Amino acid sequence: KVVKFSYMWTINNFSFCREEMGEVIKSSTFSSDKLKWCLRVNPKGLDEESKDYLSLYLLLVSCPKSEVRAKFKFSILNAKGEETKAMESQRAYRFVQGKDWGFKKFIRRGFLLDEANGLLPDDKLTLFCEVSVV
């Protein structure tokens, strides 16, 4: 009926990422199996328009059905584990196996990489994703 679940992704040594525009890092897969999901981030954006941003997407990796509908929310955890800078889908999106949905302009690199803003404690970026399938 309703299935809600989450995944915390810690990306270590974030400041050292050498990904150029268009290059991707994928997380490990996770589930609530049947369905398998992963997160995917472009540290230097998906394209020229988003070069100044991290792009963050949810990918349906494996799926027994033709399609699944899911709402999602991504946030960044601070040193206290508190969610900050969240973006949420305003409705459910249609995933098929191999389809992603997310935010091309999730967070400004010039904000995230300034350590005084407190989102890279010990140079780790911690993302938190919550997914609901109805």
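Numbering starts at 1 and runs along the sequence shown.
Peer 1: According to the entry, how many residues of the deposited sequence fall between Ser32 and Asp33 and are not modelled? Options: none, 1 to 3, 4 to 9, 10 or more.
Peer 2: Count of unmodelled residues in between: 1 to 3.
Peer 1: Of 50-58 and 75-83, which one has the bigger average CA B-factor?
Peer 2: Higher mean C-alpha B-factor in the PDB entry: 75-83.
Peer 1: Per the entry, where is the mean C-alpha temperature factor higher: 94-102 or 41-49?
Peer 2: It is 41-49 that shows the higher mean C-alpha B-factor.
Peer 1: Consider only the C-alpha atoms of the modelled residues in this chain, order them by B-factor as the entry records it, and name the third containing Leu127: lowest, middle or highest.
Peer 2: Answer is middle: the recorded C-alpha B-factor places it there.
Peer 1: When the modelled residues of the chain are sorted by Cα temperature factor, does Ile25 land in the lowest, middle or highest third?
Peer 2: Its C-alpha B-factor, which the entry lists for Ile25, ranks in the lowest third among residues of this chain.
Peer 1: Check where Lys65 lands among this chain's C-alpha B-factors and tell me if it's the lowest, middle or highest third.
Peer 2: It falls in the top third of the chain.
Peer 1: Against its chain's modelled residues, does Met8's Cα B factor rank lowest, middle or highest third?
Peer 2: According to the entry, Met8 has a C-alpha B-factor in the chain's lowest third.
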